[PDB]
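Colleague: Hey, dropping start.pdb in here, PDB, C-alpha atoms:
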```
ATOM      1  CA  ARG A   1       5.783  15.692   0.228  1.00  0.00           C
ATOM      2  CA  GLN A   2       3.291  12.756   0.468  1.00  0.00           C
ATOM      3  CA  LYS A   3      -0.377  13.258   1.661  1.00  0.00           C
ATOM      4  CA  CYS A   4      -0.214  13.835   5.524  1.00  0.00           C
ATOM      5  CA  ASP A   5       3.648  13.682   5.089  1.00  0.00           C
ATOM      6  CA  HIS A   6       3.453   9.840   4.841  1.00  0.00           C
ATOM      7  CA  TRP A   7       6.599   7.689   4.588  1.00  0.00           C
ATOM      8  CA  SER A   8       5.207   5.610   1.653  1.00  0.00           C
ATOM      9  CA  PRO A   9       2.604   6.693  -0.989  1.00  0.00           C
ATOM     10  CA  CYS A  10      -1.032   5.699  -0.350  1.00  0.00           C
ATOM     11  CA  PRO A  11      -2.574   3.181  -2.836  1.00  0.00           C
ATOM     12  CA  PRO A  12      -5.009   4.831  -5.385  1.00  0.00           C
ATOM     13  CA  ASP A  13      -8.773   5.029  -4.144  1.00  0.00           C
ATOM     14  CA  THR A  14      -7.819   5.644  -0.439  1.00  0.00           C
ATOM     15  CA  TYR A  15      -8.299   8.376   2.223  1.00  0.00           C
ATOM     16  CA  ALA A  16      -5.000   9.320   3.921  1.00  0.00           C
ATOM     17  CA  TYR A  17      -4.890   9.979   7.701  1.00  0.00           C
ATOM     18  CA  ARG A  18      -2.179  10.643  10.284  1.00  0.00           C
ATOM     19  CA  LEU A  19      -2.918  10.828  14.024  1.00  0.00           C
ATOM     20  CA  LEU A  20      -0.433  12.140  16.541  1.00  0.00           C
ATOM     21  CA  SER A  21      -0.884  12.195  20.319  1.00  0.00           C
ATOM     22  CA  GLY A  22       0.567  15.040  22.375  1.00  0.00           C
ATOM     23  CA  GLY A  23       4.135  14.594  23.632  1.00  0.00           C
ATOM     24  CA  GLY A  24       4.292  16.116  27.092  1.00  0.00           C
ATOM     25  CA  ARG A  25       2.803  19.605  27.479  1.00  0.00           C
ATOM     26  CA  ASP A  26       4.688  21.445  24.683  1.00  0.00           C
ATOM     27  CA  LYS A  27       4.176  19.073  21.713  1.00  0.00           C
ATOM     28  CA  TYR A  28       0.569  19.071  20.593  1.00  0.00           C
ATOM     29  CA  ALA A  29      -1.716  16.303  19.381  1.00  0.00           C
ATOM     30  CA  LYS A  30      -2.578  16.416  15.688  1.00  0.00           C
ATOM     31  CA  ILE A  31      -5.221  14.844  13.395  1.00  0.00           C
ATOM     32  CA  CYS A  32      -4.409  15.013   9.621  1.00  0.00           C
ATOM     33  CA  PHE A  33      -6.985  13.785   7.076  1.00  0.00           C
ATOM     34  CA  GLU A  34      -6.419  13.938   3.288  1.00  0.00           C
ATOM     35  CA  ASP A  35      -3.500  16.420   3.873  1.00  0.00           C
ATOM     36  CA  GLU A  36      -5.747  18.777   5.914  1.00  0.00           C
ATOM     37  CA  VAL A  37      -5.150  19.379   9.654  1.00  0.00           C
ATOM     38  CA  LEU A  38      -8.516  18.747  11.373  1.00  0.00           C
ATOM     39  CA  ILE A  39      -7.229  19.167  14.996  1.00  0.00           C
ATOM     40  CA  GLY A  40      -3.913  20.791  15.911  1.00  0.00           C
ATOM     41  CA  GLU A  41      -2.003  23.925  16.989  1.00  0.00           C
ATOM     42  CA  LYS A  42      -2.227  25.201  13.308  1.00  0.00           C
ATOM     43  CA  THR A  43      -6.067  25.216  13.485  1.00  0.00           C
ATOM     44  CA  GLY A  44      -6.126  26.401  17.151  1.00  0.00           C
ATOM     45  CA  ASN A  45      -8.520  23.617  18.206  1.00  0.00           C
ATOM     46  CA  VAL A  46      -6.320  21.175  20.189  1.00  0.00           C
ATOM     47  CA  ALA A  47      -6.502  20.913  24.013  1.00  0.00           C
ATOM     48  CA  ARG A  48      -5.741  18.610  27.004  1.00  0.00           C
ATOM     49  CA  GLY A  49      -7.871  15.435  27.079  1.00  0.00           C
ATOM     50  CA  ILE A  50      -9.433  13.419  24.224  1.00  0.00           C
ATOM     51  CA  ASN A  51      -9.560  15.260  20.881  1.00  0.00           C
ATOM     52  CA  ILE A  52     -12.105  13.851  18.375  1.00  0.00           C
ATOM     53  CA  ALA A  53     -12.495  14.630  14.627  1.00  0.00           C
ATOM     54  CA  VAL A  54     -15.594  13.164  12.891  1.00  0.00           C
ATOM     55  CA  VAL A  55     -15.664  12.789   9.069  1.00  0.00           C
ATOM     56  CA  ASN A  56     -18.557  11.844   6.718  1.00  0.00           C
ATOM     57  CA  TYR A  57     -17.131   8.671   5.074  1.00  0.00           C
ATOM     58  CA  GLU A  58     -19.330   9.058   1.949  1.00  0.00           C
ATOM     59  CA  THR A  59     -18.484  12.760   1.212  1.00  0.00           C
ATOM     60  CA  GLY A  60     -15.015  12.949   2.844  1.00  0.00           C
ATOM     61  CA  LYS A  61     -16.073  16.167   4.659  1.00  0.00           C
ATOM     62  CA  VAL A  62     -15.304  17.028   8.307  1.00  0.00           C
ATOM     63  CA  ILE A  63     -18.578  17.007  10.235  1.00  0.00           C
ATOM     64  CA  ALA A  64     -17.276  17.966  13.765  1.00  0.00           C
ATOM     65  CA  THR A  65     -14.118  18.557  15.862  1.00  0.00           C
ATOM     66  CA  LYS A  66     -14.302  18.587  19.657  1.00  0.00           C
ATOM     67  CA  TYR A  67     -12.007  18.094  22.682  1.00  0.00           C
ATOM     68  CA  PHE A  68     -12.996  16.814  26.126  1.00  0.00           C
ATOM     69  CA  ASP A  69     -10.753  17.564  29.129  1.00  0.00           C
ATOM     70  CA  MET A  70     -10.247  14.403  31.266  1.00  0.00           C
ATOM     71  CA  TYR A  71      -8.273  16.154  34.029  1.00  0.00           C
ATOM     72  CA  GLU A  72     -10.987  18.681  35.105  1.00  0.00           C
ATOM     73  CA  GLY A  73     -14.800  18.901  34.816  1.00  0.00           C
ATOM     74  CA  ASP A  74     -17.254  16.101  33.984  1.00  0.00           C
ATOM     75  CA  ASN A  75     -16.605  15.740  30.245  1.00  0.00           C
ATOM     76  CA  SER A  76     -16.862  11.938  30.122  1.00  0.00           C
ATOM     77  CA  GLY A  77     -20.736  12.097  29.778  1.00  0.00           C
ATOM     78  CA  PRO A  78     -20.785  14.847  27.069  1.00  0.00           C
ATOM     79  CA  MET A  79     -18.044  12.828  25.204  1.00  0.00           C
ATOM     80  CA  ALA A  80     -20.117   9.568  25.338  1.00  0.00           C
ATOM     81  CA  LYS A  81     -23.186  11.451  23.987  1.00  0.00           C
ATOM     82  CA  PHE A  82     -21.080  13.186  21.240  1.00  0.00           C
ATOM     83  CA  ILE A  83     -19.686   9.747  20.139  1.00  0.00           C
ATOM     84  CA  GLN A  84     -23.135   8.021  20.335  1.00  0.00           C
ATOM     85  CA  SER A  85     -24.795  10.833  18.268  1.00  0.00           C
ATOM     86  CA  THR A  86     -22.287  10.369  15.378  1.00  0.00           C
ATOM     87  CA  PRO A  87     -24.179   9.413  12.158  1.00  0.00           C
ATOM     88  CA  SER A  88     -23.646   5.998  10.457  1.00  0.00           C
ATOM     89  CA  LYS A  89     -20.971   5.954   7.654  1.00  0.00           C
ATOM     90  CA  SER A  90     -18.650   8.205   9.706  1.00  0.00           C
ATOM     91  CA  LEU A  91     -14.952   8.017  10.445  1.00  0.00           C
ATOM     92  CA  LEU A  92     -13.933   8.977  14.024  1.00  0.00           C
ATOM     93  CA  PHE A  93     -10.332  10.001  14.849  1.00  0.00           C
ATOM     94  CA  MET A  94      -9.350  10.237  18.533  1.00  0.00           C
ATOM     95  CA  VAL A  95      -6.070  11.486  20.011  1.00  0.00           C
ATOM     96  CA  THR A  96      -4.866  12.223  23.539  1.00  0.00           C
ATOM     97  CA  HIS A  97      -3.172  15.459  24.519  1.00  0.00           C
ATOM     98  CA  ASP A  98      -1.315  15.538  27.861  1.00  0.00           C
ATOM     99  CA  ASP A  99      -3.818  13.284  29.710  1.00  0.00           C
ATOM    100  CA  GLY A 100      -6.955  11.452  28.568  1.00  0.00           C
ATOM    101  CA  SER A 101      -7.681   9.248  31.606  1.00  0.00           C
ATOM    102  CA  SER A 102      -8.030  11.034  35.044  1.00  0.00           C
ATOM    103  CA  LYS A 103     -11.812  11.632  34.897  1.00  0.00           C
ATOM    104  CA  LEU A 104     -12.450   8.999  32.150  1.00  0.00           C
ATOM    105  CA  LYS A 105     -15.646   7.156  33.189  1.00  0.00           C
ATOM    106  CA  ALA A 106     -17.403   3.844  32.253  1.00  0.00           C
ATOM    107  CA  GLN A 107     -20.042   5.328  29.850  1.00  0.00           C
ATOM    108  CA  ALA A 108     -17.266   7.013  27.744  1.00  0.00           C
ATOM    109  CA  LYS A 109     -15.063   3.857  27.846  1.00  0.00           C
ATOM    110  CA  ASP A 110     -18.070   1.741  26.720  1.00  0.00           C
ATOM    111  CA  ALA A 111     -18.899   4.142  23.781  1.00  0.00           C
ATOM    112  CA  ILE A 112     -15.211   3.943  22.606  1.00  0.00           C
ATOM    113  CA  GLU A 113     -15.000   0.112  23.180  1.00  0.00           C
ATOM    114  CA  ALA A 114     -18.275  -0.279  21.090  1.00  0.00           C
ATOM    115  CA  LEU A 115     -16.293   1.330  18.197  1.00  0.00           C
ATOM    116  CA  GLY A 116     -13.587  -1.356  18.343  1.00  0.00           C
ATOM    117  CA  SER A 117     -11.029   0.111  20.820  1.00  0.00           C
ATOM    118  CA  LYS A 118      -8.956  -2.578  22.579  1.00  0.00           C
ATOM    119  CA  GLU A 119      -6.943  -0.009  24.631  1.00  0.00           C
ATOM    120  CA  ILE A 120      -9.476   2.505  26.118  1.00  0.00           C
ATOM    121  CA  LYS A 121      -9.912   0.337  29.267  1.00  0.00           C
ATOM    122  CA  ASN A 122      -6.056   0.236  29.709  1.00  0.00           C
ATOM    123  CA  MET A 123      -5.735   3.999  29.838  1.00  0.00           C
ATOM    124  CA  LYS A 124      -3.548   5.103  32.681  1.00  0.00           C
ATOM    125  CA  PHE A 125      -2.594   8.607  33.782  1.00  0.00           C
ATOM    126  CA  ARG A 126      -0.858  10.490  30.889  1.00  0.00           C
ATOM    127  CA  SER A 127      -0.815   7.363  28.630  1.00  0.00           C
ATOM    128  CA  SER A 128      -0.616   8.576  25.005  1.00  0.00           C
ATOM    129  CA  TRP A 129      -3.364   7.083  22.769  1.00  0.00           C
ATOM    130  CA  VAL A 130      -4.420   7.323  19.108  1.00  0.00           C
ATOM    131  CA  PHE A 131      -7.510   5.667  17.582  1.00  0.00           C
ATOM    132  CA  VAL A 132      -9.359   5.342  14.223  1.00  0.00           C
ATOM    133  CA  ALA A 133     -12.968   4.084  14.208  1.00  0.00           C
ATOM    134  CA  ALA A 134     -15.648   3.518  11.572  1.00  0.00           C
ATOM    135  CA  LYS A 135     -19.344   3.766  12.431  1.00  0.00           C
ATOM    136  CA  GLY A 136     -21.666   1.678  10.227  1.00  0.00           C
ATOM    137  CA  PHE A 137     -18.947  -0.203   8.243  1.00  0.00           C
ATOM    138  CA  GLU A 138     -15.702  -2.108   8.836  1.00  0.00           C
ATOM    139  CA  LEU A 139     -12.162  -0.876   8.337  1.00  0.00           C
ATOM    140  CA  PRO A 140      -9.663  -3.309   6.698  1.00  0.00           C
ATOM    141  CA  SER A 141      -7.714  -5.422   9.269  1.00  0.00           C
ATOM    142  CA  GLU A 142      -4.360  -4.375   7.680  1.00  0.00           C
ATOM    143  CA  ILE A 143      -4.515  -0.641   8.600  1.00  0.00           C
ATOM    144  CA  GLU A 144      -2.988   0.604  11.897  1.00  0.00           C
ATOM    145  CA  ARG A 145      -6.048   1.745  13.810  1.00  0.00           C
ATOM    146  CA  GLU A 146      -4.910   1.942  17.478  1.00  0.00           C
ATOM    147  CA  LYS A 147      -1.835   2.506  19.626  1.00  0.00           C
ATOM    148  CA  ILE A 148      -1.185   3.200  23.370  1.00  0.00           C
ATOM    149  CA  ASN A 149       2.021   4.239  25.162  1.00  0.00           C
ATOM    150  CA  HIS A 150       2.090   4.223  28.994  1.00  0.00           C
ATOM    151  CA  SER A 151       4.080   6.474  31.315  1.00  0.00           C
ATOM    152  CA  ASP A 152       7.246   4.584  32.456  1.00  0.00           C
ATOM    153  CA  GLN A 153      10.144   6.394  34.214  1.00  0.00           C
ATOM    154  CA  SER A 154      12.859   4.532  32.262  1.00  0.00           C
ATOM    155  CA  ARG A 155      11.263   5.099  28.790  1.00  0.00           C
ATOM    156  CA  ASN A 156       9.565   8.540  29.271  1.00  0.00           C
ATOM    157  CA  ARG A 157      10.635  11.034  26.597  1.00  0.00           C
ATOM    158  CA  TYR A 158       9.644  13.979  28.877  1.00  0.00           C
ATOM    159  CA  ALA A 159       9.926  14.409  32.643  1.00  0.00           C
ATOM    160  CA  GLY A 160       6.516  12.926  33.661  1.00  0.00           C
ATOM    161  CA  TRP A 161       5.149  12.030  30.154  1.00  0.00           C
ATOM    162  CA  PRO A 162       5.588   9.116  27.712  1.00  0.00           C
ATOM    163  CA  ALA A 163       6.687   9.692  24.109  1.00  0.00           C
ATOM    164  CA  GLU A 164       4.014  10.800  21.635  1.00  0.00           C
ATOM    165  CA  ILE A 165       2.694   8.080  19.299  1.00  0.00           C
ATOM    166  CA  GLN A 166       1.443   8.126  15.710  1.00  0.00           C
ATOM    167  CA  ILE A 167      -0.665   5.992  13.348  1.00  0.00           C
ATOM    168  CA  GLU A 168      -0.775   6.621   9.611  1.00  0.00           C
ATOM    169  CA  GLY A 169      -2.727   4.772   6.986  1.00  0.00           C
ATOM    170  CA  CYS A 170      -4.896   4.709   3.901  1.00  0.00           C
ATOM    171  CA  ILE A 171      -8.596   3.947   4.204  1.00  0.00           C
ATOM    172  CA  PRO A 172     -10.186   2.543   0.945  1.00  0.00           C
ATOM    173  CA  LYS A 173     -13.012   4.857  -0.228  1.00  0.00           C
ATOM    174  CA  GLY A 174     -15.220   2.023  -1.557  1.00  0.00           C
ATOM    175  CA  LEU A 175     -16.079   0.033   1.602  1.00  0.00           C
ATOM    176  CA  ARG A 176     -19.815   0.734   1.010  1.00  0.00           C
ATOM    177  CA  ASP A 177     -19.754   0.350  -2.863  1.00  0.00           C
TER     178      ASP A 177
END
```
Would you give me this structure, written as structure tokens?

Modeller:
Amino acid sequence: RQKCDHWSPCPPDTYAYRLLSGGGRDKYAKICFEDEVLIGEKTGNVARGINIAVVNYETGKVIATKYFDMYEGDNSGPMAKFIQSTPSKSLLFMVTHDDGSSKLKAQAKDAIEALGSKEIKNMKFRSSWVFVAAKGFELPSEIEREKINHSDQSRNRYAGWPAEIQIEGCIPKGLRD
């Protein structure tokens, strides 16, 4: 019904977003922006690791979508360079699927922490994580921009994985007016 199937309607001059981490291996991570799925099963571009959607804040257009596997390969470096290359006045949306920490290295953690992440250095194996960043401007303090959920045997929604987490909000379009 509502933009990105939001619980409450967004205020007028705002960009709607909904970020969903993966829930175990069968429930996929999803990035929704302005009622359009940027990353997800639907668009066939979601995978294990850290999934990043980059949007031009000024035009509201998707500029890039890329995933980086943190269980295999050496994708931490290519992820840090992808994040660092992002142009100013960009929105960055980051979600975990399955695992985003095994091979997660310092350079990548520093590039994400530079964007305002308080949880990227607390990432544990299979912790579910969702994050909204702005490059070249500040997001309002009121919007939910980050969440982390660690694997815990008593709380785990799946055998071996924590429950998926979500953040939904409305970003005002005039932060650079």

Colleague: Dump as CSV the rows for residues of region 59-94 of chain A within 10 Å of region 17-39 of chain A: closest atom pair and distance in Å with one decimal, only C-alpha atoms counted, ordered by chain and rising residue number.

Modeller:
```
residue,atom,partner,partner_atom,distance
A:60,CA,A:34,CA,8.7
A:61,CA,A:33,CA,9.7
A:62,CA,A:38,CA,7.6
A:64,CA,A:38,CA,9.1
A:65,CA,A:39,CA,7.0
A:66,CA,A:39,CA,8.5
A:67,CA,A:39,CA,9.1
A:93,CA,A:31,CA,7.2
A:94,CA,A:19,CA,7.9
```

Colleague: List as a list in words the residues having at least one atom at most 12 Å from position (-17.5, -0.6, 8.5) as given in the file, counting all atoms listed in the file.

Modeller: residues 57, 58, 88, 89, 90, 91, 92, 115, 116, 132, 133, 134, 135, 136, 137, 138, 139, 140, 141, 171, 172, 173, 174, 175, 176 and 177 of chain A

Colleague: Find the residue from A:160, A:44, A:87, A:100 that sits nearest to residue 69 (chain A); use all atoms listed in the file when measuring.

Modeller: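 Of A:160, A:44, A:87, A:100, the one nearest residue 69 (chain A), counting all atoms listed in the file, is A:100.
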
Colleague: What is the CA of residue 52 (chain A) to CA of residue 157 (chain A) distance in Å?

Modeller: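 These two atoms are separated by 24.3 Å.
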
Colleague: Using only C-alpha atoms, which of the listed residues (A:82, A:167, A:5, A:125) sits closest to residue 152 (chain A)?

Modeller: A:125

Colleague: Just to confirm, what's the straight-line distance from CA of residue 70 (chain A) to CA of residue 96 (chain A) in Å (one decimal)?

Modeller: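 Between CA of residue 70 (chain A) and CA of residue 96 (chain A) the gap works out to 9.7 Å.
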
Colleague: Once the PyMOL selection byres ((chain A and resi 11) around 12) is applied to the coordinates I shared, what remains selected? I want it as an MDAnalysis selection string.

Modeller: chainID A and resid 2:3 6 8:10 12:16 169:173

Colleague: If I take CA of residue 117 (chain A) and CA of residue 148 (chain A), how far is one from the other in Å, to one decimal?

Modeller: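 Here the two named atoms are 10.6 Å from each other.
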
Colleague: Might you pull out every residue within 12 Å of residue 156 (chain A), with all atoms listed in the file counted and same-chain residues fewer than 6 positions away left off, and present them as a CSV table (one decimal) with C-alpha atoms, in the coordinates of the input?

Modeller:
```csv
chain,number,residue,atom,x,y,z
A,23,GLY,CA,4.1,14.6,23.6
A,24,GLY,CA,4.3,16.1,27.1
A,126,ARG,CA,-0.9,10.5,30.9
A,127,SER,CA,-0.8,7.4,28.6
A,128,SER,CA,-0.6,8.6,25.0
A,149,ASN,CA,2.0,4.2,25.2
A,150,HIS,CA,2.1,4.2,29.0
A,162,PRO,CA,5.6,9.1,27.7
A,163,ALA,CA,6.7,9.7,24.1
A,164,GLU,CA,4.0,10.8,21.6
```

Colleague: List as a VMD selection string the residues having at least one atom at most 7 Å from position (-2.8, 14.9, 30.3) as given in the file, counting only C-alpha atoms.

Modeller: chain A and resid 48 to 49 71 97 to 100 126

Colleague: Pick from A:40, A:59, A:54, A:161: nearest to residue 85 (chain A), with all atoms listed in the file counted?

Modeller: A:54

Colleague: Find the residue from A:95, A:106, A:123, A:111 that sits nearest to residue 80 (chain A); use all atoms listed in the file when measuring.

Modeller: A:111
